[PDB]
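Read through the structure below, which is laid out as structure tokens, and then see the notes.
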Amino acid sequence: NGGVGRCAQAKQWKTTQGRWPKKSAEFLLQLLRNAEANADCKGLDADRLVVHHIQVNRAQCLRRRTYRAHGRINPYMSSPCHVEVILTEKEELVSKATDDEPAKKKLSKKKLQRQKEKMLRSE
Amino acid sequence: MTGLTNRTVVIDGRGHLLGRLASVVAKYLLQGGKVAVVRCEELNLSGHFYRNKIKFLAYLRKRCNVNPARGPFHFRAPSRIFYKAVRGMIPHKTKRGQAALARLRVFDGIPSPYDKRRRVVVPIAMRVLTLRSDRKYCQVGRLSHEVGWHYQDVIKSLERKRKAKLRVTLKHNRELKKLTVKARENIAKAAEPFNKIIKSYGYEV
Amino acid sequence: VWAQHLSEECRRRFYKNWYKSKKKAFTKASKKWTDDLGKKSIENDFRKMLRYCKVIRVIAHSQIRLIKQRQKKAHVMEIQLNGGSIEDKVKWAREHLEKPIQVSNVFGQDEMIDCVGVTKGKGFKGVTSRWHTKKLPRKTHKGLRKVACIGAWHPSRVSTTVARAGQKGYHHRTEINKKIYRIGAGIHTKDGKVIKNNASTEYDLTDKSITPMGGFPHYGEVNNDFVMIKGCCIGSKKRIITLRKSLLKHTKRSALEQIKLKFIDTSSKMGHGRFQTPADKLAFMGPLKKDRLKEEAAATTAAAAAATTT
RNA sequence: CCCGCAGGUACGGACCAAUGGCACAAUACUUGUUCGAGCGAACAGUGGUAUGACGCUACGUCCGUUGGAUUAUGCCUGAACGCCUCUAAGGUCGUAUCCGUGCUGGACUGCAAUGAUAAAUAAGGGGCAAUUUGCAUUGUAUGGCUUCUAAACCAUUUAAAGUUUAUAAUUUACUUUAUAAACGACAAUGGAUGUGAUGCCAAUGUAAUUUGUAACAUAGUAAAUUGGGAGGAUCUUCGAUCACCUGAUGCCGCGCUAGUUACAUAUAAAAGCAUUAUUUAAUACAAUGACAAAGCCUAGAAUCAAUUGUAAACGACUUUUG
RNA sequence: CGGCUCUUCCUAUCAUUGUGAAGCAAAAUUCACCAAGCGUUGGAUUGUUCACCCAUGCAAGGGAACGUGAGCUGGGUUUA
RNA sequence: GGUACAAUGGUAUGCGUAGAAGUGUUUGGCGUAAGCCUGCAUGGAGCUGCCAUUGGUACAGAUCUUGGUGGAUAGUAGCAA
């Protein structure tokens, strides 16, 4: 977050701090290129795909070194990435419907005799 | 409509010492209260006026140096003088007492339903029972006018409107029960369920 | 209580992006005037404003179109009426809905105005530029332009009274006791064009205008009426100032004086201007390789355009 | 001296018409070089000198307040203390102080008034719903149904004050006064005066299915609809604010109490005789909710991007876009 | 350690406001009361800190965070 | 007195590729407590109870030692002779 500087284009995200990570946003187009080119061979129609799950993981770092005042050496570490997409097609979504199981006993409606069935329809 | 005994007790703040009412209220509000104090411009403080003015002006002097906007905010209305007394007698940094403070409404000068509602007194806070003849006292409405509250004579004009609205609702309700006293002679031959059975309460009722 | 018609520039005040809109304000509230109109809302509202209210104001707007700025979006504001008998403030303002008001009927001459407005902004500044601290000696490491002690050890925090850096200007100010020197009579053309004569005085009798030679620099055209105000007022370029009747008495014999201007300098403020009117630049100086040539490229060509023809 | 007048010091807050300072690295000259010579050429990190708008800027200009309680003190009235006394009650004058006004911020984000109210026109959004339904849950209501008091004590005055009613005088007003009674801080009143004279109930069925059917003396009551005046707004539980209410138009002309006395009819027994048990809700009253459920109405804006330059570290800000 | 810078606080009141008192005629002063709002300066010599000196000033009060060295300076003090 | 770790001598006609050690865990437990047993998941070849005798036998600290990692910070550090 900090100290990234506050931009104009970030009212849209209800934030103030935003930025324009060009090389970051360019590797996520070369990724979504493969994730679209994999829906091709499966036969999915790309204008209905939705990015279902996206995550980035930090990969193993790489070693370089600065050189400091009074004769010292500090680490200069590049921190790479691991990105995963799964894109799933979106149709008219009938979502889910859980199962029903009976917990039935036979003395149900004799203590309910005086209460529910022959008790007439009120308002 | 409701309250944990009745709708809320509305205490008229007129004639009541401030700290002897602020403690029976703070106790009652920690028990589950819902009170309202109306006419908070009429509460009393014992001792003569300058003795209390001094005490308030010294209260106005406490302010954080590195920021006065952090410091003790000195509310100057007579209702938010009374709320200062009640907030000290509450634990207000626990949720229990902050919910106890949320059941408290305090008003400079009796509006908005609590003018047609029912006013109860608290006869242990009442000044004419505790203090003496020849002790001196003031009102919080005089104290607040001399320290920075601007609505002393807003709420004096607002109140005599309200005390002239009540001049006719006591003119209706005094003639409208010249007829209930009339009607209680035309149902004298009732059957006889007044003539004997309410000689249980029974010489006046 | 609004009005029936609001002018288009003075209805852009309710629009952050007006050019894109359907201009649907106030397309519904105007129709309370052409319904049953009293039991619609309006006559009960004026009766509601008479029965209960002790202060009556007026929403008035400016005509930012007439000044040829870029803005086009009029400033509206509430201007309190201050005459007696509360019935008369509504009777004055029920009459004046959509009718225009001049400066000449609010302010006079020899009157003490308070001007209210926002000063000229100057940015993030240091503590020397802003609070007027003494500068530090020249051999100061890490900065001359500071305060050297922003406080004691105890209270163990910095206070609010210590002079500190961060923004300068564009503060809201109310400057008191500026004097009207001239209520101008601007715009136009009684029979011939009288858009002159604002700067004509009893001693001058030159008509010129209150505008200098070359316009007012950066803010620049004045043709409407005006209030001429003793030395300075708040703000900047083009900035809306709010003139105000005085909240004070005026016993001070320097603020009771009737004035009479002998002369108003309308020389050119884009330099060191040397002449009042452009006539005087042609009385003192002569015709240049200019109006010499342009007065002899018209009457000469009118007998020389036919030279190819004949 | 008081008071009036005219200025200045210091500080504050602005401003740029004039004057002073900074340089359009605008323009003139000029040194060295370089372009064959000749130019409103170049280079010397601004070659140097001079003048120098805009803008910034002081060494210039303009502007800089008002009421209240009242401290110190001087008194008034006046005792205990037969007189006297600023004090004991009670009055009073009153500070560069204090607290406010004016001025500057504004709970980040408090509050009030107000404007418009969508991707429409095939189809669907959005209200107005409270009537619209079954449905489902909510809260109060717990086995009717272990409730309301949103009707009340007046405003200011007061520990011999402080109270009522009555009557004869009187009000702009239970106006103010004169006689006579009443408990002269009883138990009273601390709850019910149920303070528009309350209800767990009318219904002669009072409740986990229940409903009620006639005669004799009383009683006269709540009832739904469309065009005028007087009234109601204190940081909000529905403001094209509006509830007794001018004279008009027609009905269900429906439901009705209380009392004596008569008759039909119907529900009701939870299994236990240590009937306490999940200690509950079919009840009624208010409230949301989603799936197929009927109509009434509606037809926007904001932000980004670009733009401005009254602004600016960046945001933000003042602006403009057929 | 001082000085420079800058802010706030005290009153043990120098001055000013409002006063009471004088062996208070006026002027000038002295004593005391309420009182901390505004003010309390420019230099020569010394690293000083007080005191002294020139001068202006209606009038030239006393102190607090040993205030203040990632604020500076580095003269005093204090390593080689 | 009791409990963890590793061994050696005996012992359990002990356990184990039909899943040992280890690890993971809202599986269920037992113990005042150190700790223990158990299910499931991963794992793939060894291990445990008892009697004795032991030992390089139990860690939070030592500006401990070796290794790994977090903020600070994706940066008002900075990458301007």
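Think of each number as a place in line: the chain as shown, counted from 1.
The header says electron microscopy, 3.0 Å.
For all residues, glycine too, the Cβ spot is worked out from N, Cα and C.
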Tell me which residue from A:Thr66, A:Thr88, A:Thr98 Swiss-Prot records as phosphothreonine. A:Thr98
Considering the residues A:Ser95, A:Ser108, which is the one that Swiss-Prot annotates as phosphoserine? A:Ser95
For A:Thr98 (phosphothreonine), list the number of other Cβ atoms lying within 10 Å of its Cβ atom. 4
The DSSP breakdown of the compositional bias 'Basic and acidic residues' (A:114-123) into helix, strand and coil residues is 4 helix, 0 strand, 6 coil
